[PDB]
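Engineer: Take a look at this one; I'll ask things after.
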Amino acid sequence: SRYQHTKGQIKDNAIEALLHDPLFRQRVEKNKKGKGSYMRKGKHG
Amino acid sequence: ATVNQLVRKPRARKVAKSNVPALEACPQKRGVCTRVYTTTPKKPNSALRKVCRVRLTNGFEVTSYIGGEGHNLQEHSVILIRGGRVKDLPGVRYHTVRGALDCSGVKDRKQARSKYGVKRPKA
Amino acid sequence: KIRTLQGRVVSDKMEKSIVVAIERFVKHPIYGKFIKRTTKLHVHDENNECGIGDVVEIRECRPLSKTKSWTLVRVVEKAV
Amino acid sequence: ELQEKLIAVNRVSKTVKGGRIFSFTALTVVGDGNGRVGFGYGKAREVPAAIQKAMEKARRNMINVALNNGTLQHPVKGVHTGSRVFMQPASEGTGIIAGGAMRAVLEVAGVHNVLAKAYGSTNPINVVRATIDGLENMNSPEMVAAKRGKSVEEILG
Amino acid sequence: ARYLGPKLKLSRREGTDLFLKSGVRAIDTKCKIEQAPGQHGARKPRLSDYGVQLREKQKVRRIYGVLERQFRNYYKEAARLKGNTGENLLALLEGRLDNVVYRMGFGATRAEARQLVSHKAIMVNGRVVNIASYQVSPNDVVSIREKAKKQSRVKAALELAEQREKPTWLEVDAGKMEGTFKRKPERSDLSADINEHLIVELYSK
Amino acid sequence: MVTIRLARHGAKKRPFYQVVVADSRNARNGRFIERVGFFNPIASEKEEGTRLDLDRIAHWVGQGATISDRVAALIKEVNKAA
Amino acid sequence: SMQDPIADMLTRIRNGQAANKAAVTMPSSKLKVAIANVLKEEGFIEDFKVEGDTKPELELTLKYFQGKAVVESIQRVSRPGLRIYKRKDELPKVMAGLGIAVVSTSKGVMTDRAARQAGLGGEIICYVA
RNA sequence: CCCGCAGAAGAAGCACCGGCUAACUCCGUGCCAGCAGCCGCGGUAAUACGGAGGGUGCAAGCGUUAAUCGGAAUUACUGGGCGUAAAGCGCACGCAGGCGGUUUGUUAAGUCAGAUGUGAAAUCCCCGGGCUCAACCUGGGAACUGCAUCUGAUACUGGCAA
RNA sequence: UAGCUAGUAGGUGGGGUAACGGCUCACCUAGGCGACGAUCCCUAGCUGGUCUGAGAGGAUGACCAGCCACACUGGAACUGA
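Chains as they are written, first to last, in the authors' numbering: chain w, 2 to 46; chain l, 1 to 123; chain q, 3 to 82; chain e, 9 to 165; chain d, 1 to 205; chain p, 1 to 82; chain h, 1 to 129.
Here is the structure:
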């Protein structure tokens, strides 16, 4: 199925417009433990 | 406070508006469904969520989420719309009833198949 | 005894007729405070035997105009 | 016959130079089941070492309550710091139906069938100080006939 | 309506002999009681304060064999009755017809007496009644029709009740198989271990 | 014309009539002046089959009230010696 | 601006009970003596005296039981912004019978339990708990 | 409705199982597919996805959606607040309004007590009765918090006089 | 939504209705309503009730019954108690 992208009416490049689109934003994950790992309640209980 | 001040302007009841403007308290609405697509969610989730815009039969033009795995909608495919936001996509306040008027049930559910519109398997 | 209401005249000058405010002392439904509310009535009399701003005595009768279904009984405590 | 009981355990922090050091705070309420309550807060580095530290505090902090043999005397209010607790004698109102952390102290109190409601805040540490404020602020016709009327048969009726 | 699944499994969720299977044999230990209601039975539950109220409501339902929408109509009737609600509740359950047939001695279990009521075999006050939820008033007699009298099942179940408590609130002849429901039962008699304290509180939230 | 007629309340296949005084130009269950008894045709061999306030029915006949043929037959059932 | 003199009587009692004062003096009035005669006869106040010739100044000697205030609390109910009139069956009861509620009835000022026995209500005044 | 006939014979689903909230493990998949009421799950050892075994809940129903009230003391009369959290007009004078010190008299308007007329029936509640029981139908009572009238009571409030 | 009102507000007299009446007409007085919300705009059949809530309230008024209203749209009368 289709994808409703950000950049309305992409002209030239058909692949370097989507690279800035939030489909290809940088997925950064969370640490544990690690500079930024506070729980407050974890996955269970 | 001050019971004399409640005689001039009475203690006015707070009005709460409806989350789903689906035309005045009806459970489902049938929709004409132009423009089926996918959209990326808001910040923490990062999936590719399937969602269709829908021309409702009264005049409203709403977008509506399509639950379940795999669908057969295409660019008209007149379907049925129930309420309920998805909290994850911006502007989506509805779901589609899987198993109603064009939107077939999910392939090979075994658990929780009233939702997602799948008949009980004969075998 | 006939049923009858005290009152006080608002305005005289309408020619053998007179308008009377009747103050009724009614409790508010929810809040329980007593509110001084007013019932204005067009009241029939003869020509000018009562004036503006004075206590009055009124009884209910047959209609006499598009309003003015009440009638003077007597005039107590005339306008000073 | 001592009937010790737990209500809530919480994890608190201290946040020191290296990381942060956690510790656990219990909240227990004991009571004989007849007119006596008592609560102790208790806290330690580890969870079971906090609760038995909280039980021993609850035994030495007991309050006497005079009750009508299964219930309260009169509708008493219990304000303490967040908690506008109302609790009503409910003359065989059939069952301790009170809110969370307020149901806990009252079932070990000895009362069986009162009504109640917590207003305002609902912090378990405060609402259990709130109802034990109310059960101390309640007085019996054995006591109010020592001040006013001076006759238990004339004070009540 | 009825449960009719495995019924000695319903005991192990309580750990309590709910007298469901028990019947002809004596003391069972034939299910690993107190131990394993399923796959994860050997684990101990924390059983929060909602769980101690629900598992006491389900126990009183699974004893008398009453579903929820009917058990909620007993409670809604027990609240409007004069007096104690948890004692009005057990009086309505103990006064059911299939309960009275069980208490007289007719039927080894309660589900047997439910079938023995349902199949037109129980004659209460000179009339035949299908409904196991028939509410037996005090000073009523209740017996067996001779079409189903001494039919090899009521005979065995009657002698089996000689080893039981022999309840106070009813007399039964058991040779003529006609027992008189004397009075409504009192809470001091009936079993003293079901905690109706909790059932009144669960419907209030 | 006022009339003393029945009303047909009750359930399905279990009729229960309210002998009642009403204007003629109203419905059977419609606006009535005063209820003046009841009639249970399927009652039992029991205590009560029919009450009928005859002091009001004599009062309304004295005003000139007609009586429908069932209600007139029920006065022939609640007789001076029956 | 001296709107309710009767609530001024009651707030001098709580502030007397709180401050452990021996006695509390106030301007006297006809209605003050009626309410204080109730509290004397009911057991909340010892020995009111109304010593005053042209400026009548009544004093209420307060009552203390252990080292403790006898009056638990006393709330002016029918304050002059909101008059509260009660019917016979509608008459309240404070602390489920063991407090009292001073009501002003057609046969004078009396307690709630005396106005049930008389069988007539009126303007309740205070809730002496 | 009753009797007789045969044959355990024709008759059990739906939701849920991380926390709230009763009920858990294995496998598959790897911020993908998906879930979701809120907080949030999924990045290779997912009790949260999907399937499986097990369990819990309700049961000829079970869930979703919608609407309403409830919880919500979250418009607070009952029953909230306003130094700093949302909130004291920048400060005054002041009409209408609201409130009003103290004693005697009279008035009885508000108030209170009683009576009478009415407040349709059904409904709701109580005690009973009838369908095998229940739902249902029904008898009697209470209620319908009210309004009008008359008879009093006079503490308090209002009027009027000192 | 701040002022609306000219048969409008009242009077006298004729007429009209089963009946009082600006209901109507001629003449005279210039009033009448309005911050206790007239006027205008939006919405809506009304009540007993129903649902909820411990209550006070809040929401609603399907079935059942009482009242009103309308009968393709707009208007008019005739007959008739």
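Heads up, the beta-carbon is just placed ideally off N, CA and C, and yes, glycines get one too.
#1: Please list the residues of the segment 66-97 of chain h that have a C-beta atom closer than 9 Å to any C-beta atom in chain q, keeping them in chain order.
#2: For the segment 22-48 of chain l, which residues have a beta carbon sitting closer than 7 Å to at least one beta carbon of chain w?
#3: Kindly indicate which residue of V21/q, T69/q and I54/q has the alpha-carbon position closest to the one of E79/q.
#4: Report the neighbours of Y4/w on chain l: residues whose CB is nearer than 7 Å to its CB, in chain order.
#5: Where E144/e and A124/e are concerned, what is the direct C-alpha to C-alpha distance, given to the nearest angstrom?
#6: Run through chain l and tell me which residues come within less than 8 Å of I37/q, C-beta to C-beta.
#7: Sort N37/h, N20/h and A18/h by Cα distance to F48/h and report the nearest one.
#8: Which bits of chain l does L19/w rub up against, with CB to CB less than 8 Å?
#9: Below 8 Å between beta carbons: does that hold for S148/e and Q81/e?
#10: Answer with buried or exposed for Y39/w, where buried requires no fewer than 16 other C-beta atoms within 10 angstroms of its C-beta.
#11: On the three-state DSSP scale, how would you describe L170/d?
#12: Tell me the rounded alpha-carbon separation between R80/d and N88/d.
#13: With a threshold of 8 Å on Cβ separation, who are the neighbours of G26/e within its own chain once the five nearest residues in sequence on each side are excluded?
#14: In this structure, does DSSP put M95/h in helix, strand or coil?
#15: Check distances from the C-beta atoms of the segment 16-47 of chain h to those of chain e and list, in chain order, the residues that come in under 8 Å.
#16: What does DSSP give as the partner residue(s) for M9/h in the beta ladder?
#17: What separation, rounded to the nearest whole angstrom, lies between the Cα atoms of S67/q and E61/l?
#18: Could you give the first and the last residue of the continuous alpha helix (DSSP H) run that contains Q39/d?
#19: What are the start and end residues of the alpha helix (DSSP H) that includes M26/h?
#20: Give me the subset of the segment 50-63 of chain l whose CB atoms are less than 8 Å from a CB atom of chain w, sorted by chain position.
#21: If the cut is a Cβ gap below 8 Å, which residues of chain h does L164/e touch?
#22: At a CB-CB cut-off below 7 Å, which residues of chain l make contact with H30/q?
#23: In three-state DSSP terms, what is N134/e?
#24: For the candidate residues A98/e, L10/e and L75/e, whose alpha-carbon lies nearest to that of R68/e?
#25: Within its chain, find whatever has a CB closer than 7 Å to the CB of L160/d; leave out the 5 residues flanking it on each side and keep chain order.
#26: Note down, in chain order, all residues in the segment 21-40 of chain w with a beta-carbon under 7 Å from any beta-carbon belonging to chain l.
#27: Quick one: Cα of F39/p to Cα of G64/p, how far?
#28: Run through chain d and tell me which residues come within less than 8 Å of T89/e, C-beta to C-beta.
#29: Under a Cβ-count criterion, where at least 16 other Cβ atoms within 10 Å of its own Cβ denotes burial, should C63/q be classed as buried or exposed?
#30: Go to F60/l, then tell me how far its beta strand (DSSP E) extends in each direction, as first and last residue.
#31: Could you check whether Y94/l and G83/l sit closer than 8 Å to each other, using their CB atoms as the reference points?
#32: Let's test the definition: count the other Cβ atoms within 10 Å of the Cβ of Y3/d and tell me whether it reaches 16, buried, or not, exposed.
#33: How far does the beta strand (DSSP E) with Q10/w in it extend, from its first residue to its last?
#34: Would you call the segment 51-58 of chain l in contact with the segment 32-40 of chain l, where contact means no fewer than 3 C-beta pairs closer than 8 Å?
#35: Drop a sphere of 10 angstroms on the beta-carbon of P138/d, count the other beta-carbons inside from all chains shown, and report buried for 16 or more, exposed for fewer.
#36: State buried or exposed for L48/l, treating a residue as buried only when at least 16 other CB atoms are found within 10 Å of its CB.
Structural biologist: Result, derived from the coordinates:
#1: Taking 9 Å as the Cβ-Cβ cut-off against chain q, the residues of the segment 66-97 of chain h that qualify are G81, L82, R83 and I84.
#2: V36, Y37, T38, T39, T40 and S46
#3: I54/q
#4: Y37 and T38
#5: Cα to Cα, the separation comes out at about 16 Å.
#6: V7
#7: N37/h
#8: The contacting residues do not exist; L19/w stays about 11 Å from chain l at best.
#9: yes
#10: exposed
#11: Three-state DSSP puts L170/d in a strand.
#12: Approximately 9 Å, taken between the alpha carbons.
#13: none
#14: helix
#15: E42, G43 and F44
#16: Answer by DSSP bridge pairing: none, since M9/h is not bridged.
#17: 59 Å
#18: Looking at the DSSP string, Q39/d is not in any alpha helix (DSSP H), and its letter there is neither H nor E.
#19: Here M26/h belongs to no alpha helix (DSSP H); instead the beta strand (DSSP E) covers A23 to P27.
#20: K50
#21: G97 and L98
#22: In chain order, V7 make up the part of chain l whose C-beta sits under 7 Å from the C-beta of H30/q.
#23: For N134/e, the three-state secondary structure derived from DSSP is helix.
#24: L10/e
#25: Listed in chain order, the non-local C-beta contacts of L160/d below 7 Å within the same chain comprise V24 and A108, local neighbours out to five positions each way being set aside.
#26: Those would be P23, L24 and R28, in chain order.
#27: 23 Å
#28: Neighbours of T89/e on chain d: none; closest Cβ ~24 Å, over 8 Å.
#29: exposed
#30: No beta strand (DSSP E) holds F60/l; DSSP gives it neither H nor E.
#31: yes
#32: exposed
#33: Run containing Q10/w: none; DSSP gives neither H nor E here.
#34: Between the segment 51-58 of chain l and the segment 32-40 of chain l, the count of C-beta pairs closer than 8 Å reaches three or more; the two stretches touch.
#35: exposed
#36: The residue is exposed, with fewer than 16 neighbouring Cβ atoms inside 10 Å.
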